[PDB]
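K.L.:
Handing you a structure now.
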Amino acid sequence: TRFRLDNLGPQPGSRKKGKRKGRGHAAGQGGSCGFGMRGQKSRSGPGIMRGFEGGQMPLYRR
RNA sequence: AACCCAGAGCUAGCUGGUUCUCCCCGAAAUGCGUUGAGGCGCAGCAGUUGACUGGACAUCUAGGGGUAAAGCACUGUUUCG
Ligand SMILES: [Mg+2]
Ligand SMILES: [Mg+2]
Ligand SMILES: [Mg+2]
Ligand SMILES: [Mg+2]
Ligand SMILES: [Mg+2]
Ligand SMILES: [Mg+2]
Ligand SMILES: [Mg+2]
Ligand SMILES: [Mg+2]
Ligand SMILES: [Mg+2]
Ligand SMILES: [Mg+2]
Ligand SMILES: [Mg+2]
Ligand SMILES: [Mg+2]
Ligand SMILES: [Mg+2]
Ligand SMILES: [Mg+2]
Ligand SMILES: [Mg+2]
Ligand SMILES: [Mg+2]
Ligand SMILES: [Mg+2]
Ligand SMILES: [Mg+2]
Ligand SMILES: [Mg+2]
Ligand SMILES: [Mg+2]
């Protein structure tokens with residue numbers, strides 16, 4: 001048969017690899033995994049609530 | 001305000017750590033607000049993608065100010081006769 005288990009493959013641009021952060025600096029995303037220095041967005045856990053404005057009265061209340 | 005076990009991998013806007021390679025582009029430490037000030041949101045500045053534009057550099061001209069300088073005509077201050 002023309003098509004066979006060992007002559008197939010995906011269309012280019014259809015299946016990217018996926019960023020494996022924390023696997024060196026040459027990979028691109030560094031050791032900090034692309035979150036900068038220490039802060040609140042860089043911590044392991046739930047972040048700020050979407051709409052939160054640092055104690056400022058958010059737009060869904062004013 | 002005992003010890004052991006469990007809820008419990010409690011929570012930690014705080015420390016520390018986060019592993020292979022090459023190529024291209026490439027910041028910001030400013031403003032507003034905040035039970036906020038070593039945090040966050042938006043704007044500003046990056047990258048990438050798309051659309052619409054033709055400007056940028058240089059030269060000349062025009063337009064309104066009230067700084068430097070200058071001055072004592074006003075407001076104050078001041079020397080001598
Ligand atoms: Mg880098
Ligand atoms: Mg390292
Ligand atoms: Mg990132
Ligand atoms: Mg660190
Ligand atoms: Mg940050
Ligand atoms: Mg947290
Ligand atoms: Mg929630
Ligand atoms: Mg833990
Ligand atoms: Mg619990
Ligand atoms: Mg460069
Ligand atoms: Mg600052
Ligand atoms: Mg600067
Ligand atoms: Mg308040
Ligand atoms: Mg208050
Ligand atoms: Mg602040
Ligand atoms: Mg701050
Ligand atoms: Mg810092
Ligand atoms: Mg803090
Ligand atoms: Mg921001
Ligand atoms: Mg002057």
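Following the order of the structure tokens, chains are lettered A, B, ..., residues in each are numbered from 1, and ligands are numbered from 1.
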If we count only C-alpha atoms (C1' of nucleotides), which residues of chain B reach to within 9 Å of chain A? Please list them as a list in words.

P.N.:
residues 13, 18, 19, 20, 21, 22, 33, 34, 35, 36, 39, 40, 41 and 42 of chain B

K.L.:
Report as a PyMOL selection string all protein, DNA and RNA residues lying within 12 Å of residue B:43, evaluated on only C-alpha atoms (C1' of nucleotides), omitting residues in the same chain fewer than 6 positions from it.

P.N.:
chain B and resi 30-33

K.L.:
Please, could you write that set of residues out with N, CA, C and O atoms (P, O5', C5', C4', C3', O3' and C1' of nucleotides) as a PDB file, in the first residue's frame?

P.N.:
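Now in selection-v2.pdb:
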ATOM      1  P     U B  30      12.484  56.853  38.467  1.00  0.00           P
ATOM      2  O5'   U B  30      11.336  57.389  37.508  1.00  0.00           O
ATOM      3  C5'   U B  30       9.998  57.472  37.970  1.00  0.00           C
ATOM      4  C4'   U B  30       9.091  58.108  36.952  1.00  0.00           C
ATOM      5  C3'   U B  30       7.666  58.367  37.412  1.00  0.00           C
ATOM      6  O3'   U B  30       7.539  59.543  38.192  1.00  0.00           O
ATOM      7  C1'   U B  30       7.622  57.334  35.295  1.00  0.00           C
ATOM      8  P     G B  31       6.574  59.559  39.476  1.00  0.00           P
ATOM      9  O5'   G B  31       5.126  59.793  38.859  1.00  0.00           O
ATOM     10  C5'   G B  31       4.839  60.976  38.133  1.00  0.00           C
ATOM     11  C4'   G B  31       3.501  60.900  37.444  1.00  0.00           C
ATOM     12  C3'   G B  31       2.319  60.522  38.320  1.00  0.00           C
ATOM     13  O3'   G B  31       1.822  61.604  39.087  1.00  0.00           O
ATOM     14  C1'   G B  31       2.261  59.242  36.346  1.00  0.00           C
ATOM     15  P     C B  32       1.206  61.337  40.546  1.00  0.00           P
ATOM     16  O5'   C B  32      -0.214  60.692  40.241  1.00  0.00           O
ATOM     17  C5'   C B  32      -1.156  61.386  39.440  1.00  0.00           C
ATOM     18  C4'   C B  32      -2.386  60.557  39.174  1.00  0.00           C
ATOM     19  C3'   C B  32      -3.001  59.862  40.376  1.00  0.00           C
ATOM     20  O3'   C B  32      -3.781  60.723  41.184  1.00  0.00           O
ATOM     21  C1'   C B  32      -2.859  58.340  38.585  1.00  0.00           C
ATOM     22  P     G B  33      -3.711  60.601  42.784  1.00  0.00           P
ATOM     23  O5'   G B  33      -4.491  59.250  43.091  1.00  0.00           O
ATOM     24  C5'   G B  33      -5.837  59.094  42.677  1.00  0.00           C
ATOM     25  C4'   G B  33      -6.311  57.672  42.821  1.00  0.00           C
ATOM     26  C3'   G B  33      -6.055  57.006  44.160  1.00  0.00           C
ATOM     27  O3'   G B  33      -6.968  57.393  45.170  1.00  0.00           O
ATOM     28  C1'   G B  33      -5.445  55.532  42.432  1.00  0.00           C
TER      29        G B  33
END

K.L.:
How would you report the residues lying within 12 Å of ligand 9, as number ranges by chain, if you count only C-alpha atoms (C1' of nucleotides) and all ligand atoms?

P.N.:
B: 6-11

K.L.:
Since we have the selection now, will you write its residues out, keeping C-alpha atoms (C1' of nucleotides), as a PDB file, in the first residue's frame?

P.N.:
ATOM      1  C1'   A B   6      -6.277  14.039  61.926  1.00  0.00           C
ATOM      2  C1'   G B   7      -8.539  18.529  59.038  1.00  0.00           C
ATOM      3  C1'   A B   8      -3.562  19.608  56.271  1.00  0.00           C
ATOM      4  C1'   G B   9       0.214  19.414  50.653  1.00  0.00           C
ATOM      5  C1'   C B  10      -3.912  24.784  56.223  1.00  0.00           C
ATOM      6  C1'   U B  11      -2.398  29.900  54.839  1.00  0.00           C
TER       7        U B  11
END

K.L.:
What's the separation between atom 1 (Mg, counted along the ligand's line) of ligand 8 and atom CA of residue A:18, in Å to one decimal place?

P.N.:
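The value is 28.1 Å.
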
K.L.:
Compute the set of protein, DNA and RNA residues whose minimum atom distance to ligand 10 is at most 10 Å, using only C-alpha atoms (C1' of nucleotides) and all ligand atoms, and state it as a ChimeraX atom specification.

P.N.:
/B:24-26
